[PDB]
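>>> Pasting an experimental structure, sequence included:
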Amino acid sequence: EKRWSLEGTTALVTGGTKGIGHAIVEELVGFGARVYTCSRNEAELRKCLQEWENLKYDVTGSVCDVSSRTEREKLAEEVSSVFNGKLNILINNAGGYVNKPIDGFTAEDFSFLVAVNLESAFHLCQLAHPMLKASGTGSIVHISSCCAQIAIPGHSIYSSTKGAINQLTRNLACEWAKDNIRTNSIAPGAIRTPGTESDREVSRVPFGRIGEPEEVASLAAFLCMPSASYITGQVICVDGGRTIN
Amino acid sequence: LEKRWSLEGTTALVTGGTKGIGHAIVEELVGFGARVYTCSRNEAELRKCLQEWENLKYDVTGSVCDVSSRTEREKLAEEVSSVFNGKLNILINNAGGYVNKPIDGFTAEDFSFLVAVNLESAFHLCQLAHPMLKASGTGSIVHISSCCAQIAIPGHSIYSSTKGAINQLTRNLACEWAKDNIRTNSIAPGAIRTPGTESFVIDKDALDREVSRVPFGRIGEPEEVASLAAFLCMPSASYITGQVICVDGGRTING
Amino acid sequence: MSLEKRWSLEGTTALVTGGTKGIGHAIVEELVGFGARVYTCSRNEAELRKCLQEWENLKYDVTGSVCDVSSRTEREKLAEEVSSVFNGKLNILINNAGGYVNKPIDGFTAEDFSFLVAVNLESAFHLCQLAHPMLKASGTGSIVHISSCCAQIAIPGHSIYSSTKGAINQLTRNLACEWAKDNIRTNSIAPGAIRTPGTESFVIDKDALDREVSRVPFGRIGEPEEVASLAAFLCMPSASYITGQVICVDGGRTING
Amino acid sequence: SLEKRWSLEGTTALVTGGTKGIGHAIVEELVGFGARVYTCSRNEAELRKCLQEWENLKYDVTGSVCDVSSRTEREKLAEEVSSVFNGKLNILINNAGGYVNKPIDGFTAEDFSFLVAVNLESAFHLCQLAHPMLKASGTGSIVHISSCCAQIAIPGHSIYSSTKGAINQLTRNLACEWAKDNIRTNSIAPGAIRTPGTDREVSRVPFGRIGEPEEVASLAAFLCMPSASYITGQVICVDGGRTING
Ligand SMILES: NC(=O)c1ccc[n+]([C@@H]2O[C@H](COP(=O)([O-])OP(=O)(O)OC[C@H]3O[C@@H](n4cnc5c(N)ncnc54)[C@H](OP(=O)(O)O)[C@@H]3O)[C@@H](O)[C@H]2O)c1
Ligand SMILES: NC(=O)c1ccc[n+]([C@@H]2O[C@H](COP(=O)([O-])OP(=O)(O)OC[C@H]3O[C@@H](n4cnc5c(N)ncnc54)[C@H](OP(=O)(O)O)[C@@H]3O)[C@@H](O)[C@H]2O)c1
Ligand SMILES: NC(=O)c1ccc[n+]([C@@H]2O[C@H](COP(=O)([O-])OP(=O)(O)OC[C@H]3O[C@@H](n4cnc5c(N)ncnc54)[C@H](OP(=O)(O)O)[C@@H]3O)[C@@H](O)[C@H]2O)c1
Ligand SMILES: NCCc1ccc(O)cc1
Ligand SMILES: NCCc1ccc(O)cc1
């Protein structure tokens, strides 16, 4: 019973107002965690917390563009204050997406994706390291993507930033193991989110369907539990078999 | 949340369930509400296990089977079908065999043994279980592979090769049987505590060598493999198929 | 040292299994083209004698004997004959001979399984064991296994075939690490679909051909010399720091999405 | 014919960071097979000495000073190469890179921005600028120099390895999107190689030694030859077995 619980744990989830992030918030709360989340949109963030606070859920938030270093430093300080410098769980879920042929990418496109997909997760880990160490039971989960192992038209820079994230998972896993912190990455296939609302792909999925947000969030919760205590440095695809055909 | 993280009402077969990882898997599955069938080659051991599991009112049945034998695998599948009335939700291929020798030392008998017990047993049991898994409407196959199928550990050549074969077979199974709502995945453990016996002396120098290469600096416990096997069989793993997941404390990526 | 030395197989000896057609025949000719003395085999005496007669008329140094590499006694014999011809020194072992059965998983019999394991995996494993003294005595050894790119993806009908080739990919890593001390390197080449006599029935099957070719970014199947060139390169002194790798020769097939 | 497939006669090539280490070996390897090479470096003095060395050995090497971490210098570099080679480039070798060895905690914003610019955005933007001449050559070959540590965790390598992992993924996207233009793209992932950039690591190499620059340059040249015509999208480690040694 204790191996499969997150009771007494504190968690930060970037980009919890919609999509996968929102499902991760609810899954973690469902298992006993206290969650701090963020978004760039005050109104929806605000709405999201009212809902959760109606429902018994200890969720806290503030507006953060995790594409801003200054903002990131800001988020980390507030998180540290709320949780008194102890954090069990960091989920780097917030990201960005640009779909263009390689010829079409601009300098702004490139810096945009690198900042929100790679530099964001990296610096937040740096910022959260003291608090994760203080937890004595740290878990970092990055939301990667399955296209970091295959070539999908238009995904070049986006997949490259996600492939950098997968490697960073390895380095975090080994460097911070001595602080009892585990790091893993979840690589989703196509998931129905507000991000993706914005036949060819599904024809390539053996299950013949796109993913649901809870099919990703459930593994995010699992990787944070005591039952996952020997799983670290892994990249796990949640794609209905999409990458292997 | 409660429906997607439960195995209530499911049926499972776990090969080699008397000790170690296999034993932890059986009890993890029962813990989440499955009815479990298990086997072993040692009858005496198996009976004791069976007699015990009752008294903690766990729903576990079993029979003696050497999974390296084709005819014994067939008889196992028929008894499992009879016990579960032709409906199997879960197949855990955990039984295997280990021999460690320099490449030059392996004989024809070694090669035959390792391939039969590690690769053919899992392949043939998948074929035999396919009708039951399909009749269940929601199937989950988990192979217990090994993280040494991605790196070279001294003495592991044929053993690791059979596990690399299992990892590939996982992908073929995931794609071919998805249409039957069957998922197939592989768990690749690293160094896991070996259950002791009254008569075998464990090589502690070999154990220390592998544990020294784990970032975590410790050996894994059987429950740390069993937990992921149960999760992979839950409704909550519905979009996870064809994967090989290392449970090794960072062993394979530790440079 | 020099570029000309590092890109040459002058003075080497090599064994290529299954050299009478397809990829194996292209490898025999590629290795001869760079100066190697080659030994080869197949199961068919008439075809092998014909190849050997052609290679003499080309003044290529190729020797051969009949060998079914799925048989343990035949492999032992082959290794004794090779060691006699090359005076116990072998620079290069190319495990090219293989076999193929295409069925749904439910369809495979015990004989199908045994056939594929013996010719794709046990043949290579045992021939590496038998060749080890000669590879070490050459002072510079190179083992190349011909695997398959479908040991990383699921192709319908390929379950046992791909699994035996995945076993080869792992064995490559063990051989690379255990025998580095003997100055032997081991690598695997993993082709996508290649035009060979082995695939001729596939190529005639126009629906099966378009299905596979639609998945290759290059829009075509490969040719035997596109595999053989890399087999030759992996055996040269220029490949001195390349060991334990699995290299796909597949026109982008496996990473295409 | 064999002799035709194993050869780079008449090809044109750009190799970034050709004044030392692997890049220097790649320049000489490519010239050795008949290529005409354009290369570059941030250091004018050493670029001069290299160009003068190669001039005195009658190699066809041209060079200009360029910092590939700067967007504008990349565009200037691309236009000079198009002019020298009359708009046709057979070969692009993205070798120039940077290294910063620190624990994850120590990396600064400049360090991160530094490594991404020189290891990732450098190659990516240069690929776009080189695309018309590579297409115009009718036979294009892009080779990135990545690193074998993009598959394992080596202490101090966290950001460096991540940029090389991004390179490895970018190779796959390039290989698939530009196969239609008869351009192939592959990555070489060296282990420890004896260079000016460079017992704990050697004890983990099965061969028990670091590599030589020509042991990387050999493969770079092979991947540009017609013999490599069906090889694209691959990441090939040149590491003496280091990544697989357990
Ligand atoms: N859905 C898929 O198919 C798929 C596949 C592979 C990977 N992924 C990855 O999964 C993660 C989530 O995607 P999703 O599809 O669930 O996205 P989504 O539905 O678009 O939700 C994104 C969430 O992130 C927040 N967010 C976005 N940018 C942010 C920023 N710069 N700072 C702070 N918060 C930010 C968004 O709110 P604001 O805009 O209000 O800030 C929103 O709450 C991403 O890393 C994505 O790359 C998704
Ligand atoms: N072609 C492809 O598309 C493809 C793709 C991936 C991998 N591969 C692999 O590449 C290798 C060569 O294939 P291929 O297409 O070139 O085959 P192929 O055209 O059929 O030629 C095979 C050669 O091997 C010989 N051979 C077969 N079995 C043998 C045995 N048991 N003992 C001795 N010799 C034997 C054959 O001659 P006899 O029959 O007369 O013995 C023939 O010389 C195989 O390992 C194959 O699995 C091929
Ligand atoms: N050697 C290894 O152990 C190893 C291992 C893995 C990967 N690698 C990779 O292999 C590649 C070469 O490494 P190396 O060790 O040969 O490095 P190196 O010896 O330090 O050589 C670097 C070369 O690149 C040039 N260069 C560096 N930054 C540049 C810039 N911004 N613009 C233009 N030129 C630049 C250098 O000249 P200036 O300073 O004059 O610009 C020099 O010519 C790098 O990508 C490295 O990441 C090397
Ligand atoms: N009993 C198998 C030996 C083994 C040890 C450690 C490891 O990571 C994988 C295999
Ligand atoms: N040699 C088996 C034939 C084959 C192999 C691989 C592939 O992708 C397609 C066909």
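Arrived safely. Numbers count the residues shown, from 1 in each chain, chains lettered A, B, ... in the order given. Ligands and ions are numbered 1, 2, ... in the order given.

>>> CA only for contacts and neighbour counts going forward, please
Noted.

>>> State the helix or strand in which residue A:48 lies.
Secondary structure from DSSP states H and E places residue A:48 in helix A:42-54.

>>> Give me the buried positions along that helix.
A:45, A:46, A:48, A:49, A:52 (16 or more other Cα atoms under 10 Å in any protein chain shown).

>>> And the residue nearest the centre of chain A?
residue A:93 (2.4 Å; Cα atoms, centre = their mean).

>>> wait, what's in contact with that one?
Each residue near residue A:93 by Cα atoms under 8 Å, 6 or more residues apart in numbering or on different chains is listed here: A:13, A:14, A:15, A:16, A:20, A:21, A:142, A:143.

>>> What residue, apart from its backbone neighbours, is nearest residue A:244 spatially?
Spatial nearest neighbour of residue A:244, chain neighbours left out: residue C:153 (4.7 Å); criterion: Cα to Cα, 6 or more residues apart in numbering or on different chains.

>>> Can you pull the phi/psi pair for the residue of chain A most remote from its centre?
Centroid-distance maximum for chain A: residue A:103 at 29.1 Å, with Cα atoms, centre = their mean. Dihedral pair for residue A:103: phi -50, psi -30, per degrees, to the nearest 10.

>>> Now do it against ligand 2, distance only.
33 Å (Cα to the nearest ligand atom, to the nearest Å).

>>> Over to residue A:211?
From residue A:211 to ligand 2 the distance is 33 Å (Cα to the nearest ligand atom).

>>> tally of neighbours for that residue?
Residues near residue A:211, counting by other Cα atoms under 10 Å in any protein chain shown, number 23.

>>> pretty sure it is touching residue A:191, no?
Yes. Judged on Cα atoms under 8 Å, residue A:211 makes contact with residue A:191 at a distance of 4.1 Å.

>>> The helix holding residue A:48 near ligand 1 at all?
No. Residues of helix A:42-54 are not located near ligand 1 by Cα under 6 Å from any ligand atom, the shortest gap being 7.1 Å.

>>> which element follows that helix toward the C-terminus?
strand A:59-63.

>>> helices and strands around the next helix or strand after that next one, which ones?
Sequence order places helix A:69-82 as the next helix or strand after strand A:59-63, per DSSP H and E. Applying 3 or more Cα pairs under 8 Å, 6 or more residues apart in numbering or on different chains; DSSP states H and E, one finds that helix A:69-82 contacts helix A:120-135.

>>> let's go with 10 Å and repeat that
strand A:10-14, strand A:34-39, strand A:59-63, helix A:120-135 (3 or more Cα pairs under 10 Å, 6 or more residues apart in numbering or on different chains; DSSP states H and E).

>>> Now do the second one: distance to the chain's middle.
What that stands for is strand A:34-39. Centroid separation for strand A:34-39 versus its chain: 12 Å, with Cα atoms, centre = their mean, to the nearest Å.

>>> Longest helix in chain A, please.
helix A:156-175 (DSSP state H).

>>> by contact count, what packs against that one?
Using 3+ Cα pairs under 10 Å, 6+ apart as the test, helix A:156-175 ends up in contact with helix A:107-113, helix A:120-135, strand A:138-143, strand A:181-188, strand A:235-238, helix D:158-177.

>>> mind redoing it with 8 Å?
Against helix A:156-175 (3+ Cα pairs under 8 Å, 6+ apart) you get helix A:107-113, strand A:181-188, helix D:158-177.

>>> next one: that helix to chain centre, how far?
13 Å.

>>> cool, and stretch A:94-108?
20 Å.

>>> Name the residues of that stretch that come out as buried.
A:94, A:95, A:97, A:100, A:101, A:102, A:105.

>>> residue contacts, residue A:133?
Residues near residue A:133 by Cα under 8 Å, 6+ apart: A:86, A:179, A:180, A:181.
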